[PDB]
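Listed below are the residues making up each chain.
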Amino acid sequence: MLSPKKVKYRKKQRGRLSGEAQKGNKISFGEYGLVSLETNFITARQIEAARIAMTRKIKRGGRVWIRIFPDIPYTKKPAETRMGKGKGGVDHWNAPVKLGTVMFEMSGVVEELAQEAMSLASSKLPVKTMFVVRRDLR
Amino acid sequence: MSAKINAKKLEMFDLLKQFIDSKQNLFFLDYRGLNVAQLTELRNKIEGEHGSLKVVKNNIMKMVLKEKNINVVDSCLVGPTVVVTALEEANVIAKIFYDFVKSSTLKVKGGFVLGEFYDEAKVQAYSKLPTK
Amino acid sequence: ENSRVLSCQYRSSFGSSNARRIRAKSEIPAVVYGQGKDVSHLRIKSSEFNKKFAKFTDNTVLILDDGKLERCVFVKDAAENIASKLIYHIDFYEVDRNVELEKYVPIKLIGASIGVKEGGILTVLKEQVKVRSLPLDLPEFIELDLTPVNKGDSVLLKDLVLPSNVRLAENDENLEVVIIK
Amino acid sequence: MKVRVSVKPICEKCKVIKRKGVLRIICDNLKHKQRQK
Amino acid sequence: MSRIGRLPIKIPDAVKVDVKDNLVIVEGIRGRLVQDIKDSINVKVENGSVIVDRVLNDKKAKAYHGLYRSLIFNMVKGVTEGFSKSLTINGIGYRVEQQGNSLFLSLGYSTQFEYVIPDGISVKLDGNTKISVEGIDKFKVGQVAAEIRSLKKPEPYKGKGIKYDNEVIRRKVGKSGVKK
Amino acid sequence: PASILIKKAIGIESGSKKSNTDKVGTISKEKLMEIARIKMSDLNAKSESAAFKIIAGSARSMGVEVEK
RNA sequence: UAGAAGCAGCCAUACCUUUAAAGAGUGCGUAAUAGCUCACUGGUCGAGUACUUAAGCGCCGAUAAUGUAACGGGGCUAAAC
Ligand SMILES: [Zn+2]
């Protein structure tokens, strides 16, 4: 998995996440990107499922960059309890994504194969996506 | 998306015009059903006889001939027609065409010897005619 | 030559709401600065910009005509929304049309090299080259075919076949752009 | 047979049609037949 | 639209065509056929030929263009040359015989099927395993051949059944094809 | 077979599996020219250079490193 | 590899050639082939076709139990937007 190896505080308050993305919204390290069309949370584990999909589809053609790291605990109270004590315990990790986050970046392979692989990745994420070529190079 | 097609068509027209200007005599053959091996053998025989046989687009050939003052019947271009240019042995080319017509289904649809549009009968007579 | 020309007209709106209304009318707000002039605020036709400069780089140079004047401008910046493919501001840096100037220009690699075919190792030492020209003649990107480059061969900077009025500017002329070992 | 919600061509010979208001796939490879749920 | 909708209709000399008040009558050597034509499409007979066009350009009219062109063409080809669709009965002990205006089919079932032939249609035999339905209307001919085929649809393991002659039956294997 | 003739000439008995990288030998230019001239009966080329190129392409497909 | 002939699988097709045009073969089926087809190209006919993007309405997805029962109802193709 993907998860931070040390935290100042184990639990943090669930904010309201809203607005488009004003940063991390441009293709930087690669050729093709997987932008999101929603604002939501992507778990670490869906992240690695999409990463397997892309990497396995790509027969050594190129490289894959993951532009999000979860670093947000998601707590869940024990199964059968009431509303009493408080802030149960970390269960899994979430990453925040907003409308316009690049979220995934690919290098090396032909555009057709990249589009296929990256629809194969989008099939496993909880948000609508769009595949973008640099739109300023080819 | 159309400039590339225009360029390819222009190159084809130029090559065909070079062949048509280098060929003293010309003919068109409908070779429908002429197998790959039969076509290879017929082309080899034409090359041995010094003729150049090749498939030319009907519309391009008609436009080029209209430019070059080739007033033939368009029926010669009707049907998949290989244009064979022979400049020296017209009798040899016609005899080879007759031999192919005997040994296969190829037909000598049209001919142009000294600017003379040779129909089926004239072409057959010329092919049966011997060399100098 | 037209394909490097761009029609604009002046705007005096200057607000977030005003800019949104303009882009709804399918135009693009833009500003021009440089040469010590007062900034010029103008607007551009989005369809024209998309049609002509769909592939614009840092090194693209073009001509702005307001019907009454001509300007030679670099596309210094363009605020793009990727999700909706929407340009929503352009920054044009003006330069003098007749003053020689330097600029790093990227390379574009074409062909399959014999050395790499036979077991060569690509090492792209230089991703760009410093060239020199008048603004209107700067190359968008400089091409390089690797096909004759065999094993154990490096590419000299002079080896780059260059457009007409474009000239090398590197202090190190003999540095290698791409090597195949 | 494959009463699905996503009906897609499987081989290049599959073809998409729309009949009486449902989307269907028809092919020579009867194993490829389909209708939207 | 597409070229079939606009392709002109030749009229054979022996064949007469007439249009009136949303109806078409085609009278030929072998019979007479009638058709309805919808308001949005206009059918014209000129110079010994039939042409079709549309007053509107709605998609219903677009489809109607080709539909009625094709129907009238099949309406003219029928009255001149007639339509014929053929069939083959393949299988052990399967037989077909004719008496008057009906056919008797032996198709393995515990009852021998009688089959009334609808009027306007003739049936021709070739021995006792080959059939050919002939008639003036392509629609009717296809209908009859289809309903006969439905009497005993073919199967893939041995080709048994009643097949269209032009049809190609995909074939499977049974016991011995799975041999290891 | 041209593959058999080339293997005999260069001492090749079993074709190299990775003919793209694992070279099985070198096909000399003169030997390739001789082989092409010998086998020109079955080759439909009109140029000796074309026949030699056909031989060289076959050698590359077999994995034999082209002779410079 | 026991058999791979284009189609258990591996390396690539930096194999040229007569080159119409023909991929180190698209699919089916063959123990392996054979065989039947495709990409490509020539004729016939005759201008839009072939793949995507943006906006407005749509279709399937759409599925619980006393009775149509998710416009108030009748009804409405506008009496909808
Ligand atoms: Zn199918």
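Scoring rules and cut-offs
Residues numbered from 1 in each chain as written, not as in the entry; some residues may be left out. Chains lettered and ligands numbered in written order. Part of a larger assembly, values for the part shown. Heavy atoms only, no water. Residues with missing side-chain atoms left out of burial classes, pairs and counts. Helix = DSSP H or I, 4+ residues; strand = E, 2+ residues; numbered from the N terminus. Rg over C-alpha atoms; globule rule 2.2 N^0.38 Å. Buried < 20%, exposed > 50% of the residue type's maximum accessible area, 1.4 Å probe, protein only. Contact = heavy atoms within 4.5 Å. Areas by Shrake-Rupley, 256 points an atom, 1.4 Å probe, with all protein chains shown as cover. Nonpolar A, V, L, I, M, F, W, Y, C, P; charged D, E, K, R; others polar. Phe/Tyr/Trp six-rings, centres within 6.5 Å; stacked < 30°, edge-to-face > 60°. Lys NZ or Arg CZ within 6 Å of the ring centre and 35° of its normal. Pairing = 2+ DSSP bridges. Expected span 1.5 Å × (residues − 1). Polar contact = N/O pair within 3.5 Å; in protein donor to acceptor, adjacent residues only side chain to side chain. Axes fitted to C-alpha atoms, helices over the stretch in contact; angles between N-to-C directions. Parallel < 35°, antiparallel > 145°, perpendicular 65-115°, else oblique. Left-handed = near helix turned anticlockwise from the far one by under 90°.

- Method of determination, as given in the entry header: cryo-EM; reported resolution: 3.4 Å.

**Examining the overall build of chain C**
For step 1, the next point in the chain: Across its full length, chain C carries three helices and 13 strands.
For step 2, the next point in the chain: The C-alpha atoms of chain C give a radius of gyration of 20 Å, which is well past the 16 Å a tight globule of 181 residues would have.
For step 3, the next point in the chain: Referenced to the eigenvectors of the C-alpha coordinate spread, the extents of chain C come out at roughly 60 × 40 × 25 Å.
For step 4, the next point in the chain: Counting across all 181 residues of chain C, residues that qualify as buried make up 40%.
For step 5, the next point in the chain: A separation of at least 24 residues holds for 65% of the contacts in chain C among residues at least 6 apart in sequence.
For step 6, the next point in the chain: Carbon and sulfur atoms make up 52% of the accessible area of chain C, which totals about 9,800 Å².

**Observations regarding the interface of chain A and chain C**
For step 1, the next point in the chain: At the interface, 10 residues of chain A touch seven residues of chain C.
For step 2, the next point in the chain: In terms of residue class, the side of chain A that touches chain C is made up of six nonpolar, one polar and three charged.

**Brief notes about the packing of aromatic side chains**
For step 1, the next point in the chain: Ring centres 6.0 Å apart and planes at 50° place the aromatic pair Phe 29 of chain A and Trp 65 of chain A in the tilted group. With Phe 29 of chain A in the segment before β1 (32-36) and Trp 65 of chain A in strand β3 (residues 63-65), the pair connects residues that are 36 residues apart, well separated along the chain.
For step 2, the next point in the chain: Relative to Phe 113 of chain E, the ring of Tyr 109 of chain E lies with its centre 5.7 Å away and its plane at 55°, an arrangement referred to as tilted.
For step 3, the next point in the chain: By the ring-pair criterion, three or more aromatic residues cluster together here, those being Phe 49, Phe 53 and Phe 56 of chain C.
For step 4, the next point in the chain: Over the face of the ring belonging to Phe 29 of chain A we find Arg 67 of chain A, whose NZ or CZ atom lies 5.9 Å from the ring centre.
For step 5, the next point in the chain: The ring of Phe 141 of chain C has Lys 108 of chain C sitting right over it, with the charged end atom 4.7 Å from the ring centre.

**Some thoughts on the sheet that holds strand β12 (residues 167-168) of chain C**
Residue and element names in this part refer to chain C.
For step 1, the next point in the chain: Spatially, the four strands line up as an open sheet ordered β10-β7-β9-β12, and their pairing is mixed. What marks the edges here is a single partner per strand, and that holds for β10 (142-145) and β12.
For step 2, the next point in the chain: Two strands pair when backbone bridges link them, and strand β7 (residues 101-110) and β10 are joined in this way by four bridges, in the parallel orientation. Opposite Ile 110, over in β10, you have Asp 145 as the bridge partner.

**Some thoughts on the arrangement of the chains**
For step 1, the next point in the chain: Interchain contacts are distributed over two pairs of chains, and the most extensive set of them lies between chains A and C.
For step 2, the next point in the chain: Separated in space, chain C and chain E share no contact, their closest pair of C-alpha atoms being 31 Å apart.
For step 3, the next point in the chain: The two partners chain C and chain F share no contact, and the minimum distance between any of their C-alpha atoms is 8 Å.

**Looking at helix α2 (residues 59-81) of chain E**
Residue and element names in this part refer to chain E.
For step 1, the next point in the chain: Taking 1.5 Å per residue, 23 residues should reach 33 Å; α2 reaches 33 Å between its end C-alpha atoms and fits that length.
For step 2, the next point in the chain: Sitting at the amino-terminal end of α2 is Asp 58, which places a side-chain oxygen 2.6 Å from the backbone nitrogen of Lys 60.
For step 3, the next point in the chain: With its phi angle positive at about 70°, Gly 82 sits one or two positions after the end of α2.

**Quick look at the pairing of strand β6 (residues 49-54) of chain E**
Residues and elements named next belong to chain E.
For step 1, the next point in the chain: The pairing of strand β1 (residues 9-10) with β6 spans two bridges and is antiparallel. Looking at β6, one finds that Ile 9 is bridged to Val 50.
For step 2, the next point in the chain: As paired elements, strand β5 (residues 41-46) and β6 share six bridges and run antiparallel to each other. Across the sheet, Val 43 pairs through a bridge with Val 52, a residue of β6.
For step 3, the next point in the chain: Connecting β5 to the next strand, β6, in antiparallel fashion are two residues, including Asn 47 with a positive phi near 50°.

**Focus on the environment of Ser 113 of chain C**
For step 1, the next point in the chain: With respect to the helices, strands and loops of the structure, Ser 113 of chain C is situated in the loop between β7 and α3 (114-117).
For step 2, the next point in the chain: Leaving out residues up to four positions away in the same chain, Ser 113 of chain C has contacts with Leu 146, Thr 147, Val 149, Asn 150 and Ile 180 of chain C.

**Some thoughts on the pairing of strand β7 (residues 83-90) of chain E**
Residue and element names in this part refer to chain E.
For step 1, the next point in the chain: Where β7 meets strand β12 (residues 130-135), six bridges bridge the pair, whose relative direction is antiparallel. Along β12, the bridge assignment pairs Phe 83 with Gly 135.
For step 2, the next point in the chain: Note: β7 against strand β13 (residues 161-164), four bridges, orientation antiparallel. Bridge assignment links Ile 89 to a residue of β13, and that residue is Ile 162.

**A few points about unusual backbone geometry**
Most peptide bonds are trans, and most residues other than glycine sit at a negative phi.
Residues and elements named next belong to chain A.
For step 1, the next point in the chain: Even without being a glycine, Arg 135 presents a positive backbone phi close to 60°.
For step 2, the next point in the chain: Following the sequence through the fold, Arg 135 ends up in the segment after β7 (129-133).
For step 3, the next point in the chain: Here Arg 138, not a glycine, exhibits a phi torsion of approximately 35°, which is positive.
For step 4, the next point in the chain: Along the chain, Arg 138 turns up in the segment after β7.

**What about the packing of helix α1 (residues 44-57) of chain A against helix α2 (residues 111-122) of chain A?**
All names here are of chain A.
For step 1, the next point in the chain: Contact geometry of α1 with α2 gives a least axis separation of 8 Å together with a crossing angle of 155°. Classified by the angle between their axes, α1 and α2 sit roughly antiparallel to one another. Classified by chirality, the crossing of α2 by α1 is right-handed. Together, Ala 50, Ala 53, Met 54 and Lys 57 of α1 and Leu 113, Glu 116, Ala 117, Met 118, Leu 120 and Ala 121 of α2 make up the contact between the two elements.
For step 2, the next point in the chain: Of the residues contributing to the contact of α1 with α2, the split by class is eight nonpolar, no polar and two charged.

**Things to note about the sheet that holds strand β3 (residues 81-86) of chain B**
Residues and elements named next belong to chain B.
For step 1, the next point in the chain: Strand order in the open sheet formed by five strands is β2-β3-β1-β4-β5, with antiparallel pairing between adjacent strands. Strands with a single pairing partner mark the edges of an open sheet, and in this sheet they are β2 (52-55) and β5 (116-118). Within the sheet, the average angular offset between the axes of one strand and its neighbour, ignoring direction, is 20°.
For step 2, the next point in the chain: Looking at chain direction, strand β1 (residues 25-30) and β3 are connected through six bridges and run antiparallel. Paired with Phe 28 across the bridge in β3 is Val 83.

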